[PDB]
Amino acid sequence: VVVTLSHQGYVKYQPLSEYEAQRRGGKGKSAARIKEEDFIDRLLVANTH
DNA sequence: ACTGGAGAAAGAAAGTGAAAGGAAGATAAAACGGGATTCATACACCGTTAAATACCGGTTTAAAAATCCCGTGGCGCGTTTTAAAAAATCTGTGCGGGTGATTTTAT
């Protein structure tokens, strides 16, 4: 899974099989919904156990 | 006149019914956040080419690395406190036969 954390503190993880590889130079798809004033600071990849 | 019992007055202490109010609860309206559709529209993938960049050979030189002396504060040791977690000890409760008790209405 992949773990994301926001500045004010919000945790969540998603299955890794949802995002598919592509070629460099793209824009990508949104991974989470941000609030009015917040931003993502960390990103982690790890196993459930 | 005097005595001792008895009833009535008077006074002081305790129990009482009623008391704002305030923290401590409780209950609704509201604002919120997370899923099912619906596409148009912007994004992903495939051929072409000018241009921008990586790479090699040889200097150099100024800057950073290496070395030596020393004087301290930042870790290390030993011994106390102090919360935190764990083990030990109490407290209720229901199963089924027995003893004894309570309340409200109409005519």
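Lettering of chains follows the sequences in order, A, B, ..., and the numbering in each one begins at 1. Computed from heavy atoms alone, side chains included, the values below leave out hydrogens, waters and symmetry copies.
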Query raised in the report: What pairs meet the ring-ring contact (aromatic ring centres under 6.0 Å, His included) rule with one or both residues in residues 24-45 of chain A, with sequence neighbours excluded?
Result: A/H7-A/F39
Query raised in the report: Taking the hydrophobic residues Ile, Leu, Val, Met, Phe, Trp and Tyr, and joining any pair whose side-chain heavy atoms are under 4.5 Å apart, which ones share a cluster with A/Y19?
Result: none
Query raised in the report: If you link I, L, V, M, F, W and Y whenever their side-chain heavy atoms are under 4.5 Å apart, who else ends up in the same group as A/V2?
Result: A/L16, A/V45
Report task. Please collect all side-chain hydrogen bond (donor to acceptor under 3.5 Å, both in side chains) contacts where either partner lies in residues 26-49 of chain A, sequence neighbours excluded, each pair once. Result -> none
Report summary line: What one should report as the nearest heavy-atom pair of A/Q14 and A/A31 is NE2-O, 3.0 Å
